[PDB]
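Chemist: enclosed are the sequence and the experimentally obtained structure.
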Amino acid sequence: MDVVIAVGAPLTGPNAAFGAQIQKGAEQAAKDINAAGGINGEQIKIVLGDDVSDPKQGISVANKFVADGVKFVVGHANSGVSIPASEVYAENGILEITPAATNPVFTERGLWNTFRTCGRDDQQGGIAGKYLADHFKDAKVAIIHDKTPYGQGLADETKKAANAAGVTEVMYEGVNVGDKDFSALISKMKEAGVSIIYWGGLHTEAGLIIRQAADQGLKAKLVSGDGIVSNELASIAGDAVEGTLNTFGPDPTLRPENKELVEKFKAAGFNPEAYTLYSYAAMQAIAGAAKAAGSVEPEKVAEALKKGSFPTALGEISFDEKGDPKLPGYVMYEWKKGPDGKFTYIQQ
Ligand SMILES: CC(C)C[C@H](N)C(=O)O
């Protein structure tokens, strides 16, 4: 009987681009695995659930998945969605592997079922905070976050690391997801002589801040994290995006092993940037662990994930006892025009 694997992701709403990364990556992996014989001889059946980046809607999705006999979830994207959804899954026999949720809490609750293919924000903030001190030691820095545990969590980790390395921010402020007029905040930053804005949050608000700062005459460079790795950042911000910095893990589209896979996505009309191959890899981890376990039972797959190593589009993957992957860490990217003439994130 088919192995039912769900993709839980923000298929609509502000983060739809990240939903597409996750959906397209998981769907292609399932197709490729199926063409190779499935998982232990059984075909994968994909079901989709749209969380709209809204924890309440994510919980409805999680319930739908339980009802539909889902055994594994690739998702969700947002930490505030994934953390509550994971409890529903943990209590109903479902293994959850997130390609993109980075808040430490996700794997720090002693749940049997939680895994990631991405890093976590104590790692990410350590890299970011050190970078601020190394390159902007004397700058006046504003730390701004989106009042979510992802965004504020990342901002707080970065703050801790920056402070320890000798950078004391001149502002620390929260804004609400969905708010779009940043004029007052931008004016406050300009008054304070801010030249670096560290942003703990997602691409929509980041793009709005970048665009508005340029228009309002605030000369400041925005530095953020994994939340801004989408072409849509450039679409909102316009050319003012140039020079923006952000942390992200390795860019898997640049791995030589993935050359043909990336070409295939493009032949299907999709640019498989950012988390696309992290989602592809999450599917591959499930398949590899089931093969090692001799079982598709989620609890047995979880045990196998914590024991072995498995081939993936991110490279060979293995997991610690909490479900975090043992993979390369965060690096700093800068936004510049790529070979195709579009602004994108390029490793420094
Ligand atoms: C899609 C990602 C930017 C999500 C973010 N890492 C979070 O944990 O909420």
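Modeler: Right, received. Where do you want to start? Residues are numbered from 1 along each chain as shown.

Chemist: for the spatially most central residue of the chain, helix, strand, or coil?
Modeler: The geometric centre of the chain, computed from its C-alpha atoms, lies nearest to residue 100 (CA atoms, centre = their mean), at 3.0 Å. Under the three-state scheme (DSSP: H, G, I helix; E, B strand; the rest coil), residue 100 adopts coil.

Chemist: wouldn't it be in contact with residue 121 here?
Modeler: No: taking contacts as CB atoms under 8 Å, residue 100 lies outside contact range of residue 121: 11.9 Å. C-beta coordinates here come from the backbone N, C-alpha and C atoms, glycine included.

Chemist: on that earlier part again, contacts only, for the residue nearest to the centre of the chain.
Modeler: By CB atoms under 8 Å, 6 or more residues apart in numbering, the residues touching residue 100 are 18, 21, 22, 76, 77, 118, 226, 275, 278, 279.

Chemist: can you say which of those residues are buried?
Modeler: Buried residues within the contacts of residue 100, defined by neighbour count using 16 or more other CB atoms under 10 Å: 18, 21, 22, 76, 77, 118, 226, 275, 278, 279.

Chemist: can you pull the phi/psi pair for the fifth one?
Modeler: Main-chain dihedrals, residue 77, degrees, to the nearest 10: phi -100, psi -50.

Chemist: so it touches residue 7, yeah?
Modeler: No: Residue 77 sits out of contact with residue 7 when judged by CB under 8 Å, with a separation of 10.2 Å.

Chemist: between these two, what contacts are shared?
Modeler: residue 22.

Chemist: if you count contacts, what does the host helix or strand of residue 152 end up packed against?
Modeler: Following DSSP states H and E, the helix or strand that holds residue 152 is helix 149-164. Applying 3 or more CB pairs under 8 Å, 6 or more residues apart in numbering; DSSP states H and E, one finds that helix 149-164 contacts helix 79-90, helix 121-135, strand 141-145, strand 171-174, strand 196-200.

Chemist: relative to helix 79-90, how tilted is it?
Modeler: Regarding helix 149-164 and helix 79-90, their directions subtend 120 degrees when assessed with axes from the mean of the first three to the mean of the last three CA atoms, to 10 degrees.

Chemist: briefly note if helix 149-164 comes near the ligand.
Modeler: Yes: shown here: helix 149-164 in contact with the ligand (CB under 6 Å from any ligand atom) through residue 150.

Chemist: mind checking how far that helix is from the chain centre?
Modeler: A distance of 17 Å separates the C-alpha centroid of helix 149-164 from that of its chain, computed with CA atoms, centre = their mean, to the nearest Å.

Chemist: okay, the host helix or strand of residue 6 in PDB with CA atoms only?
Modeler: Using DSSP H and E, residue 6 maps to strand 3-9. These are the backbone C-alpha positions of strand 3-9, laid out as PDB (Å, rounded to 0.1, in the frame of the first residue of the first chain):
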ATOM      1  CA  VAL A   3       3.300   5.400   1.800                       C
ATOM      2  CA  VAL A   4       1.300   8.600   2.400                       C
ATOM      3  CA  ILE A   5       3.600  11.600   2.800                       C
ATOM      4  CA  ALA A   6       2.300  15.100   3.300                       C
ATOM      5  CA  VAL A   7       3.800  18.400   2.400                       C
ATOM      6  CA  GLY A   8       2.700  21.000   5.000                       C
ATOM      7  CA  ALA A   9       3.700  24.500   3.800                       C
END
